[PDB]
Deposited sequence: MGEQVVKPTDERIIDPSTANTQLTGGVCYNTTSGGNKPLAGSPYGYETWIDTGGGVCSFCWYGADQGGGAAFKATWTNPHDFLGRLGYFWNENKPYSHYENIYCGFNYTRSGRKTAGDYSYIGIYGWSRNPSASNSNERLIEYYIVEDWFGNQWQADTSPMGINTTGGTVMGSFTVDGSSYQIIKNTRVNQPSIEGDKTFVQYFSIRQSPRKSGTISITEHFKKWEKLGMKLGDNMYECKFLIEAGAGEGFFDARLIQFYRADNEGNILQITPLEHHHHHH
């Protein structure tokens, strides 16, 4: 019986379409999470110097929901820029309760991010007590949008031809069905070095550029399908990933908040209510 938060600090994503200015930009790999001053969030950049130049700019603590960013890339090799909650505190996802992200962005069009690309929520979690050694580390995506490619429209959701792995099931939340995929990465790079791990994906069947993501509902449905996250969630951040191409991403809103089952706010940016 989870009640949607209605708190006045929550920015309606559908009309949060005012261009932001005064970004602070990072053009190089950050080497993991880096906390931001005056902010609950941290950023990470993966900018591969064997490929092209990228830029990643945070719009700061006092506008756009506190987590808005802009990114540009020029023929990268798998650029990832991300910003949001960083945890790795040895607490399960359920400790952080009901997690929401309100977003609104523009981006470049179809075929401007290479053959694969991802926009949405991203992170990792650790489950060392899993019987299956392959499932003790988890990388996860909730995919709201992407840039399509030469063979598929950006209006058409990606499938397992992009993600790899196996369709485990589906559910409906936040106005769309989501396809749930599980993939095993065999001796691939990770936050624990090169090893076998699993990826969980929720793919939004109707892609979109603004709205609200009920993140915890994804964690819950993954868990009911046997896709366990374990007792140490690493992070929960908004992501732009571009395989290649020449494009941009520019958020007018990224707003994380957390709330209990009654809907009451536990954490939110900005912290204070809106004097005239």
Gaps in the model (deposited sequence, numbered from 1): 1 to 3, 278 to 279
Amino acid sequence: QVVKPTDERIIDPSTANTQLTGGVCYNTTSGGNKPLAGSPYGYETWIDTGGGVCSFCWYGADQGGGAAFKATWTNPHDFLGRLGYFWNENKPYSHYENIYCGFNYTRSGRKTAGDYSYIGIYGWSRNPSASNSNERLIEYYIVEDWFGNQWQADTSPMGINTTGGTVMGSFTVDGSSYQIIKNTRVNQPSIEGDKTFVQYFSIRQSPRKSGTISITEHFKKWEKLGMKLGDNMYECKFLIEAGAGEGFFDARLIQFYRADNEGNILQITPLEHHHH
From here on, numbers count along this sequence of modelled residues.
With B-factors read from the PDB entry, the higher C-alpha mean of 32 to 40 and 245 to 253 is in 32 to 40
Take the C-alpha B-factors listed in the entry for 184 to 192 and for 101 to 109, compute each mean, and give the stretch with the larger one. 184 to 192
Say you rank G84, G164, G169, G120 by Cα B-factor from the PDB entry; which sits at the top? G164
B-factor third for the C-alpha atom of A68 within its chain: lowest
Could you say whether, by C-alpha temperature factor, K224 belongs to the lowest, middle or highest third of its chain? highest
Binned into thirds over the chain's modelled residues, the C-alpha B-factor of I160 lands in the highest
Comparing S214 with the other modelled residues of its chain, is its CA B-factor in the lowest, middle or highest third? lowest
Pull the Cα B-factor of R204 out of the PDB entry and bin it into the chain's lowest, middle or highest third. lowest
